[PDB]
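Fold and geometry: a report
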Amino acid sequence: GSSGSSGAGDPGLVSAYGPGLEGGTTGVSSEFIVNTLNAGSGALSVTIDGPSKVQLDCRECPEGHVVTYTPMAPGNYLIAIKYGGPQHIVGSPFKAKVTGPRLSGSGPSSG
């Protein structure tokens, strides 16, 4: 098809704020909001990487994009955030340092 940028955006005007990006405590649901409004529109790519996979949940927020995750071990989780571009956004990636004893919850045993 005709030449044209496949959905162009401004990542420089996109930033994320929250205790999840900076870190917190183990077994403590950590989340963060991604202000993409200033940008305008585009796709978002969020991911995490640490000593132990983390269950993250991306939800729609009135401030952009929100993600909630739970740490299963004390360490540094690499939170990558991209928007309208193959590169990272201003400030990313974000290293989240979670402290506290290893806490992993599978499910209920007795009933």
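Residues numbered from 1 in each chain as written, not as in the entry; some residues may be left out. Heavy atoms only, no water.

Going by the header, the method for this PDB entry is solution NMR.

Some points on the packing of aromatic side chains
Put simply, the test is: In this scheme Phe, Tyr and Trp rings, the latter by its six-membered ring, pair at centre separations within 6.5 Å, and the angle between planes marks the pair as stacked below 30 degrees, edge-to-face above 60, and tilted otherwise. Burial classes: relative accessible area under 20% of the type maximum marks a residue as buried, over 50% as exposed, and values in between as partly exposed (1.4 Å probe, protein chains only).
Per the stated rule, a full pass over the model turns up one aromatic pair. Centre to centre, the rings of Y69 and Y77 are 6.4 Å apart; their planes meet at 40 degrees, and the pair counts as tilted. By relative accessible area, which is 1% here, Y69 ends up buried. Under the relative-accessibility criterion, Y77 is labelled buried at 0%.

With respect to the sheet that holds strand β7 (residues 94–98)
Applicable threshold: Pairing between strands is defined by DSSP: at least two bridges between the two strands are required. Under the DSSP-based scheme used, a helix requires at least four consecutive residues in state H or I and a strand at least two consecutive residues in state E, with every element numbered from the N terminus. Orientation is described by lines fitted to C-alpha atoms, with helices fitted over the stretch in contact, and by angles between N-to-C directions that extend from 0 to 180 degrees.
Taken in spatial order, the three strands make up an open sheet running β3-β6-β7, and their pairing is antiparallel. Each edge of the open sheet is held by one strand with a lone partner, namely β3 (44–47) and β7. Neighbour to neighbour, the strand axes of the sheet diverge by 20 degrees on average, direction disregarded. With four bridges connecting them, β3 and strand β6 (residues 75–83) associate as antiparallel partners. Within the sheet, the bridge partner assigned to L44 lies in β6 and is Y83.

Structural notes on the sheet that holds strand β4 (residues 55–61)
Read from one edge to the other, the open sheet built from four strands follows the order β1-β2-β5-β4, with strand pairing classed as antiparallel. Looking at strand neighbours, the two that pair on one side only are β1 (15–17) and β4, the edges of this open sheet. This sheet shows a mean twist of 25 degrees between the axes of neighbouring strands, independent of strand direction. Taken together, the three bridges between β1 and strand β2 (residues 30–35) define a ladder with antiparallel strand orientation. Bridging across to β2, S15 finds its partner in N35.

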